[PDB]
Each structure stands twice: as C-alpha cells, then as structure tokens.
Amino acid sequence: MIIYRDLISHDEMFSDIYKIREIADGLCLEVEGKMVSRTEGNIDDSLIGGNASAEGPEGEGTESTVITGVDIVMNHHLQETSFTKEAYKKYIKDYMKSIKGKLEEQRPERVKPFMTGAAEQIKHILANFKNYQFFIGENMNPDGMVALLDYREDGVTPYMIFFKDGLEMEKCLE
C-alpha cells in the first residue's frame with residue numbers, strides 16, 4: 001500500500017487504505033474515513049471507571065464509557081487546531097509558499113496550478129470555516145499544511161481535505 005505524508009514535515013497524514021478522491025482537478029484530495037463508536041464488551045474495571053462498592057448487594061454506579069470519532073483521526077493521531085479568518089489569509093500564503101517553493105525545486109511546472117488552486121480552494125473553505133476544521137498530523141507542524149475535516153452530503157461520512165502539491169506518497173508494504 002501507499003502512504004500520504006505532508007511535503008513539509010513528511011509525516012504520513014494518511015494512506016491509500018481509505019477512499020481518496022482528487023478534488024479541485026487534482027489540486028486537493030478528500031480522504032473518506034468513518035466514525036467509529038465504542039460501547040461494547042462485557043468487562044469493567046477500575047482502570048476505566050466503576051465505583052467502590054462496600055455495602056448493599058443491589059447497587060450500580062454506572063461507568064458510562066463511550067468512545068466515538070473518525071477512524072483515520074484515531075489511527076493517524078490527527079490533531080485539530082484553531083485559526084481565525086484573517087490569520088488563515090496569512091496562513092495560506094505561508095503554507096502555500098512552503099509547498100510552492102519546494103515544488104519549484106521539484107515540479108516548478110506544477111507551482112502555477114497550485115497557486116491558483118490554493119487561493120481558490122482556500123476561499124471556498126473560508127466561506128464555511130464554521131463547517132471545516134483544521135487538522136494536522138501527530139506532529140502538528142505550523143509551517144506545514146492543514147487538514148480540513150468535513151462530512152459528506154449525508155453529514156455522516158467524515159472526509160479530510162489534503163493538498164496534493166503539498167503532499168508526497170510512499171509505497172511501503174513491509
């Protein structure tokens with residue numbers, strides 16, 4: 001299988017184990033994950049919860065331990081950060097420049113589309129900043145790129161927006 005790591009930090013933000021869809025004409029890629037809930041397994045201990053009983057045979061403390069979230073975010077150790085509208089403007093220029101410059105040394109012929117696509121896609125998300133959230137690998141590199149986690153039309157299937165120009169691939173089976 002092939003992995004997907006940022007071009008700045010080289011951190012595998014995701015892999016080809018999910019449904020990746022190239023958007024913006026190959027500019028960005030949408031990684032389709034899946035929300036995994038947790039609340040099964042007849043087994044409770046002090047580690048998770050459980051109260052300290054002593055008197056009375058009939059007594060329940062109720063642990064209430066449920067875990068839910070995006071799979072890729074749990075396995076990729078994704079981290080959600082914060083950002084403002086104005087800050088994002090300078091953020092895009094700073095992050096897009098990091099990829100643009102690096103791309104200029106690798107595929108300078110692709111720096112042009114990225115310049116237009118970057119400003120285009122960004123303006124799109126900005127219009128829905130309240131819907132899109134900033135996510136980063138387990139490193140949370142501020143100088144790197146950002147992962148926009150959104151939900152499909154159904155609002156269930158969680159997908160993240162990744163930048164192709166600012167992301168590299170690597171085939172590693174073993």
# chains A, B, ... in the order shown; residues from 1 in each chain; ligands from 1
>>> select_by_dssp(residues="chain A", states="strand (DSSP E)", output="number ranges by chain")
A: 2-6, 12-15, 19-23, 28-32, 35-36, 69-70, 79-81, 133-136, 147-151, 158-163, 167-171
>>> residues_around(residues="residue A:150", least_positions_apart="4", cutoff="6 Å", atoms="only C-alpha atoms", output="ChimeraX atom specification")
/A:132,158-159
>>> residues_around(residues="residue A:31", least_positions_apart="3", cutoff="9 Å", atoms="only C-alpha atoms", output="number ranges by chain")
A: 14-16, 18-22, 72, 149, 158-162
>>> closest_residue(among="A:85, A:110, A:38, A:76", to="residue A:135", atoms="only C-alpha atoms")
A:76
>>> closest_residue(among="A:26, A:166, A:57, A:117", to="residue A:97", atoms="only C-alpha atoms")
A:166
>>> select_by_dssp(residues="stretch 83-172 of chain A", states="alpha helix (DSSP H)", output="mmCIF file with N, CA, C and O atoms, in the first residue's frame")
data_model
loop_
_atom_site.group_PDB
_atom_site.id
_atom_site.type_symbol
_atom_site.label_atom_id
_atom_site.label_comp_id
_atom_site.auth_asym_id
_atom_site.auth_seq_id
_atom_site.Cartn_x
_atom_site.Cartn_y
_atom_site.Cartn_z
ATOM 1 N N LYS A 85 -10.051 34.022 10.696
ATOM 2 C CA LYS A 85 -10.278 34.335 9.289
ATOM 3 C C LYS A 85 -9.085 35.077 8.696
ATOM 4 O O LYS A 85 -8.542 34.679 7.665
ATOM 5 N N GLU A 86 -8.679 36.156 9.356
ATOM 6 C CA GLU A 86 -7.548 36.953 8.896
ATOM 7 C C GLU A 86 -6.256 36.148 8.967
ATOM 8 O O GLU A 86 -5.427 36.201 8.059
ATOM 9 N N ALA A 87 -6.093 35.400 10.054
ATOM 10 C CA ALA A 87 -4.903 34.581 10.244
ATOM 11 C C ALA A 87 -4.765 33.552 9.130
ATOM 12 O O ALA A 87 -3.659 33.272 8.665
ATOM 13 N N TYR A 88 -5.892 32.990 8.704
ATOM 14 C CA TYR A 88 -5.885 31.993 7.642
ATOM 15 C C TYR A 88 -5.347 32.589 6.348
ATOM 16 O O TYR A 88 -4.640 31.921 5.595
ATOM 17 N N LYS A 89 -5.678 33.854 6.099
ATOM 18 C CA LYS A 89 -5.217 34.541 4.896
ATOM 19 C C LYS A 89 -3.695 34.532 4.835
ATOM 20 O O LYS A 89 -3.103 34.212 3.803
ATOM 21 N N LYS A 90 -3.070 34.859 5.954
ATOM 22 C CA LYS A 90 -1.617 34.862 6.041
ATOM 23 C C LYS A 90 -1.108 33.430 6.157
ATOM 24 O O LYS A 90 0.008 33.116 5.743
ATOM 25 N N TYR A 91 -1.948 32.565 6.723
ATOM 26 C CA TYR A 91 -1.611 31.161 6.898
ATOM 27 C C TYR A 91 -1.484 30.463 5.546
ATOM 28 O O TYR A 91 -0.541 29.705 5.317
ATOM 29 N N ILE A 92 -2.437 30.723 4.651
ATOM 30 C CA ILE A 92 -2.411 30.115 3.325
ATOM 31 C C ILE A 92 -1.167 30.542 2.560
ATOM 32 O O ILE A 92 -0.492 29.716 1.947
ATOM 33 N N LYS A 93 -0.871 31.834 2.603
ATOM 34 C CA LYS A 93 0.294 32.372 1.913
ATOM 35 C C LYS A 93 1.578 31.738 2.437
ATOM 36 O O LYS A 93 2.512 31.481 1.679
ATOM 37 N N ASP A 94 1.620 31.505 3.742
ATOM 38 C CA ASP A 94 2.789 30.919 4.379
ATOM 39 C C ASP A 94 2.905 29.425 4.089
ATOM 40 O O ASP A 94 3.998 28.921 3.826
ATOM 41 N N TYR A 95 1.784 28.713 4.150
ATOM 42 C CA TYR A 95 1.794 27.277 3.903
ATOM 43 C C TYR A 95 1.893 26.978 2.407
ATOM 44 O O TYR A 95 2.609 26.063 2.002
ATOM 45 N N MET A 96 1.184 27.751 1.588
ATOM 46 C CA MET A 96 1.223 27.545 0.147
ATOM 47 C C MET A 96 2.616 27.862 -0.395
ATOM 48 O O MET A 96 3.070 27.251 -1.362
ATOM 49 N N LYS A 97 3.291 28.818 0.240
ATOM 50 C CA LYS A 97 4.634 29.205 -0.179
ATOM 51 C C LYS A 97 5.634 28.102 0.147
ATOM 52 O O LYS A 97 6.597 27.884 -0.589
ATOM 53 N N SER A 98 5.393 27.402 1.251
ATOM 54 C CA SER A 98 6.264 26.312 1.670
ATOM 55 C C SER A 98 6.237 25.192 0.642
ATOM 56 O O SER A 98 7.267 24.599 0.324
ATOM 57 N N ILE A 99 5.049 24.917 0.115
ATOM 58 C CA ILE A 99 4.880 23.880 -0.891
ATOM 59 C C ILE A 99 5.300 24.399 -2.257
ATOM 60 O O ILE A 99 5.957 23.700 -3.028
ATOM 61 N N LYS A 100 4.920 25.640 -2.545
ATOM 62 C CA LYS A 100 5.262 26.265 -3.811
ATOM 63 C C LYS A 100 6.774 26.266 -4.008
ATOM 64 O O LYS A 100 7.278 25.810 -5.033
ATOM 65 N N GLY A 101 7.494 26.768 -3.008
ATOM 66 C CA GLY A 101 8.942 26.803 -3.084
ATOM 67 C C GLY A 101 9.535 25.419 -3.254
ATOM 68 O O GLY A 101 10.381 25.199 -4.122
ATOM 69 N N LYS A 102 9.081 24.479 -2.431
ATOM 70 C CA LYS A 102 9.566 23.108 -2.506
ATOM 71 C C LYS A 102 9.214 22.502 -3.855
ATOM 72 O O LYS A 102 10.008 21.773 -4.449
ATOM 73 N N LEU A 103 8.023 22.820 -4.345
ATOM 74 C CA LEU A 103 7.582 22.317 -5.633
ATOM 75 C C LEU A 103 8.418 22.934 -6.746
ATOM 76 O O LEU A 103 8.744 22.276 -7.729
ATOM 77 N N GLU A 104 8.772 24.205 -6.579
ATOM 78 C CA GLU A 104 9.579 24.903 -7.563
ATOM 79 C C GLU A 104 10.884 24.156 -7.820
ATOM 80 O O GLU A 104 11.414 24.177 -8.930
ATOM 81 N N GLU A 105 11.397 23.495 -6.785
ATOM 82 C CA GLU A 105 12.641 22.744 -6.908
ATOM 83 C C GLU A 105 12.393 21.328 -7.433
ATOM 84 O O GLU A 105 13.310 20.679 -7.937
ATOM 85 N N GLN A 106 11.156 20.847 -7.309
ATOM 86 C CA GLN A 106 10.813 19.505 -7.772
ATOM 87 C C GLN A 106 10.009 19.549 -9.071
ATOM 88 O O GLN A 106 10.454 19.049 -10.103
ATOM 89 N N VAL A 111 3.761 24.490 -9.956
ATOM 90 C CA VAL A 111 3.620 25.563 -8.977
ATOM 91 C C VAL A 111 2.548 26.562 -9.401
ATOM 92 O O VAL A 111 1.943 27.228 -8.562
ATOM 93 N N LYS A 112 2.325 26.670 -10.706
ATOM 94 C CA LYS A 112 1.335 27.599 -11.232
ATOM 95 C C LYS A 112 -0.087 27.165 -10.867
ATOM 96 O O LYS A 112 -0.826 27.931 -10.247
ATOM 97 N N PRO A 113 -0.493 25.931 -11.223
ATOM 98 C CA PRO A 113 -1.833 25.432 -10.897
ATOM 99 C C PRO A 113 -2.113 25.508 -9.400
ATOM 100 O O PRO A 113 -3.211 25.867 -8.979
ATOM 101 N N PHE A 114 -1.103 25.167 -8.601
ATOM 102 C CA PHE A 114 -1.232 25.194 -7.148
ATOM 103 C C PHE A 114 -1.518 26.610 -6.655
ATOM 104 O O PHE A 114 -2.319 26.807 -5.741
ATOM 105 N N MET A 115 -0.857 27.590 -7.262
ATOM 106 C CA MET A 115 -1.041 28.986 -6.880
ATOM 107 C C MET A 115 -2.494 29.410 -7.058
ATOM 108 O O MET A 115 -3.077 30.055 -6.187
ATOM 109 N N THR A 116 -3.071 29.041 -8.194
ATOM 110 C CA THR A 116 -4.457 29.377 -8.494
ATOM 111 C C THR A 116 -5.414 28.507 -7.689
ATOM 112 O O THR A 116 -6.394 28.996 -7.126
ATOM 113 N N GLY A 117 -5.122 27.215 -7.641
ATOM 114 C CA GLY A 117 -5.962 26.288 -6.907
ATOM 115 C C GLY A 117 -5.939 26.537 -5.412
ATOM 116 O O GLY A 117 -6.967 26.439 -4.743
ATOM 117 N N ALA A 118 -4.763 26.860 -4.888
ATOM 118 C CA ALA A 118 -4.607 27.125 -3.462
ATOM 119 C C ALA A 118 -5.506 28.270 -3.017
ATOM 120 O O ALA A 118 -6.262 28.144 -2.054
ATOM 121 N N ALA A 119 -5.416 29.385 -3.727
ATOM 122 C CA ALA A 119 -6.216 30.562 -3.415
ATOM 123 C C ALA A 119 -7.700 30.306 -3.660
ATOM 124 O O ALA A 119 -8.558 30.916 -3.022
ATOM 125 N N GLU A 120 -7.999 29.406 -4.592
ATOM 126 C CA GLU A 120 -9.381 29.079 -4.921
ATOM 127 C C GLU A 120 -10.013 28.199 -3.845
ATOM 128 O O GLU A 120 -11.041 28.550 -3.268
ATOM 129 N N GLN A 121 -9.392 27.053 -3.584
ATOM 130 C CA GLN A 121 -9.897 26.119 -2.582
ATOM 131 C C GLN A 121 -9.991 26.778 -1.208
ATOM 132 O O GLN A 121 -10.971 26.594 -0.487
ATOM 133 N N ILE A 122 -8.965 27.542 -0.849
ATOM 134 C CA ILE A 122 -8.931 28.222 0.438
ATOM 135 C C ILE A 122 -10.121 29.163 0.597
ATOM 136 O O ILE A 122 -10.786 29.171 1.633
ATOM 137 N N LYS A 123 -10.388 29.947 -0.438
ATOM 138 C CA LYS A 123 -11.505 30.882 -0.415
ATOM 139 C C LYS A 123 -12.818 30.131 -0.226
ATOM 140 O O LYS A 123 -13.762 30.641 0.381
ATOM 141 N N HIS A 124 -12.866 28.908 -0.746
ATOM 142 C CA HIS A 124 -14.048 28.072 -0.640
ATOM 143 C C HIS A 124 -14.289 27.659 0.809
ATOM 144 O O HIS A 124 -15.372 27.870 1.354
ATOM 145 N N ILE A 125 -13.269 27.069 1.424
ATOM 146 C CA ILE A 125 -13.359 26.627 2.801
ATOM 147 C C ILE A 125 -13.617 27.799 3.740
ATOM 148 O O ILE A 125 -14.409 27.694 4.678
ATOM 149 N N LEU A 126 -12.944 28.917 3.483
ATOM 150 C CA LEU A 126 -13.101 30.112 4.305
ATOM 151 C C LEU A 126 -14.571 30.507 4.409
ATOM 152 O O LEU A 126 -15.027 30.973 5.453
#
>>> closest_residue(among="A:140, A:3, A:156, A:66", to="residue A:48", atoms="only C-alpha atoms")
A:66
>>> closest_residue(among="A:28, A:109, A:41, A:129", to="residue A:84", atoms="only C-alpha atoms")
A:129
>>> atom_distance(atom1="atom CA of residue A:5", atom2="atom CA of residue A:157")
22.0 Å
>>> atom_distance(atom1="atom CA of residue A:152", atom2="atom CA of residue A:77")
21.6 Å
>>> closest_residue(among="A:53, A:75, A:9, A:68", to="residue A:167", atoms="only C-alpha atoms")
A:9
>>> atom_distance(atom1="atom CA of residue A:4", atom2="atom CA of residue A:172")
10.9 Å
>>> residues_around(residues="residue A:35", least_positions_apart="5", cutoff="6 Å", atoms="only C-alpha atoms", output="PDB file with N, CA, C and O atoms, in the first residue's frame")
ATOM      1  N   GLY A  69     -15.547   8.633  17.180  1.00  0.00           N
ATOM      2  CA  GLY A  69     -14.734   9.572  16.431  1.00  0.00           C
ATOM      3  C   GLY A  69     -14.309   9.026  15.082  1.00  0.00           C
ATOM      4  O   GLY A  69     -14.615   7.883  14.744  1.00  0.00           O
ATOM      5  N   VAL A  70     -13.601   9.844  14.312  1.00  0.00           N
ATOM      6  CA  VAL A  70     -13.133   9.436  12.996  1.00  0.00           C
ATOM      7  C   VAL A  70     -12.003   8.417  13.113  1.00  0.00           C
ATOM      8  O   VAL A  70     -11.081   8.585  13.913  1.00  0.00           O
ATOM      9  N   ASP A  71     -12.091   7.352  12.323  1.00  0.00           N
ATOM     10  CA  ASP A  71     -11.089   6.291  12.344  1.00  0.00           C
ATOM     11  C   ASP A  71      -9.703   6.810  11.964  1.00  0.00           C
ATOM     12  O   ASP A  71      -8.749   6.666  12.729  1.00  0.00           O
TER      13      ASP A  71
END
>>> closest_residue(among="A:12, A:131, A:27, A:44", to="residue A:73", atoms="only C-alpha atoms")
A:12
